Structures are given as structure tokens and as C-alpha cells.
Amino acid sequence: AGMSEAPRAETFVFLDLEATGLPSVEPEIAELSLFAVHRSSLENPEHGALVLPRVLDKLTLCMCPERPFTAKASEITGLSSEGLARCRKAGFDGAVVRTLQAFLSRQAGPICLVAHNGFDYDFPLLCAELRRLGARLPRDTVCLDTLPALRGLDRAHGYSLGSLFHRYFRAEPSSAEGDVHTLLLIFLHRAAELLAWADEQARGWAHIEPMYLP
């Protein structure tokens, strides 16, 4: 009875970013991974173990950031400016924006972006990078941050990808892509709850504010 203003999403795009540091540094995306999943699949998880949906769109891109990585970031991401320049990856540009948009256009909309801790990091950062270029996402795309959502669902009935995974699956996880890979499994495990939360609480992408301006 209590419908939200937020349009109901038909595709869930799980995503993760590997960046150059924390907000105070005006970090940049060095790597991004998108897993596009149709609502169907989240409503009928596959297996006797839980497995990724068979029908899945994936997009992983590497870029060379304009500014340096902090030592800790290269360390935890295995990524560095030399490595990215050696492979001739340009920085977040028009090419990247077109690939993102073409890819998103392959999804039945509206789209709900799903990132862990998205509200405080991935979303504003993605938002900053796109803003520099004036790029827009499909209208009525919405956002779900599984971190506040899962804490909410649990206070109703810690929260790093690692603990979450160990607690839900008795152990070991497996990179922007691996991180999206393990976020999806976590989601699949509380699928029914996360879907309802997204329907009732997803934030409009228009409400997301760029981490910083160019």
C-alpha cells in the first residue's frame, strides 16, 4: 500500500570500482565491473549450491587515472599507473561513456544500480567521473546500497564483503570483477529481502551527488 516514488527496477546492475584512494584524495576509477541481471533471476536463484544466474551481462574496463595511486590502493588492487599505461588504457573518457551506455541500453529498464557502500563511495565516485564528461545514465535508474540495506534488514530481524560472505557461505571468497562476483552471491542469498528493500527504498540516481567536481 506503501509504494515508493522510486520506479520498480527490471534489471539490477551490480557494480564495483577499484580506485586510487579515499575521498580526501579525489580518487579516480582504475577499474570498473558491471554484472547486469534481470529481476527474473533474482526472483529464482539458481543452484545444491547457490550459483550466478546463467543469463548475465558483464562489463569490466580498466583505465589509466590522471593522478597517482596511493601506495595502499595499488597494493590492495594490484593496479598501478605503469601497468595501465603499459597496456595503453586511456583514462575515463568518451569511449568509456559510450561502452557504459551501450551496455546499459542492452538491459530491460528501469535499472537499479547495486554497489556495496555505494552511497558513500562507488556512486558519488561514478557520478564524479561521468559529470566531468556530462554523461547521463538512463532516466529513472535507481540506487541500492546493500550495506545500509543489509544492516537495516538485520536490525529488523560485520558487514564487509568478506564477513558477509563467510557468514552466509561458511567461508572463502574469490579485483573489480571478483568483488562484484561476491556481492552478487551475497545478494542472491537475501534476494527476496533485497528486492523488496530496493523497491521501497532505492534512491534516484538523480539524487546522487558527485564525489567532487573537475
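Numbering starts at 1 and runs along the sequence shown.
Peer 1: For the stretch from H47 to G48, please bin the deposited residues that the model skips: none, 1 to 3, 4 to 9, or 10 or more.
Peer 2: Gap size class: 1 to 3 residues without coordinates, per the record.
Peer 1: So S163 and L164 are neighbours in the shown sequence, but is anything from the deposited sequence left out between them? Give the count as none, 1 to 3, 4 to 9, or 10 or more.
Peer 2: None; the chain is continuous from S163 to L164.
Peer 1: Do the C-alpha atoms of 95-103 or of 110-118 have the higher average B factor in the entry?
Peer 2: Of 95-103 and 110-118, the stretch with the higher C-alpha B-factor average is 110-118.
Peer 1: When the Cα temperature factors in the entry are averaged, is it 146-154 or 25-33 that ends up higher?
Peer 2: Mean C-alpha B-factor is greater for 146-154.
Peer 1: Which of these, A206, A202, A19, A196, has its C-alpha atom at the highest B-factor, as the entry lists it?
Peer 2: It is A206.
Peer 1: Which third, lowest, middle or highest, does the CA B-factor of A73 fall in along this chain?
Peer 2: According to the entry, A73 has a C-alpha B-factor in the chain's middle third.
Peer 1: What third of its chain, lowest, middle or highest, does the C-alpha temperature factor of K58 fall into?
Peer 2: Ranked within chain, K58 CA B lands in the lowest tercile.
Peer 1: If you rank the chain by CA B-factor, which third does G83 end up in: lowest, middle or highest?
Peer 2: Its C-alpha B-factor belongs to the lowest third of this chain's values.
Peer 1: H38's Cα B-factor: lowest, middle or highest third of the chain?
Peer 2: Lowest third of the chain for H38's C-alpha B-factor.
Peer 1: When the deposited Cα B-factors of this chain's modelled residues are ordered and cut into thirds, is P138 in the lowest, the middle or the highest one?
Peer 2: Its C-alpha B-factor belongs to the highest third of this chain's values.
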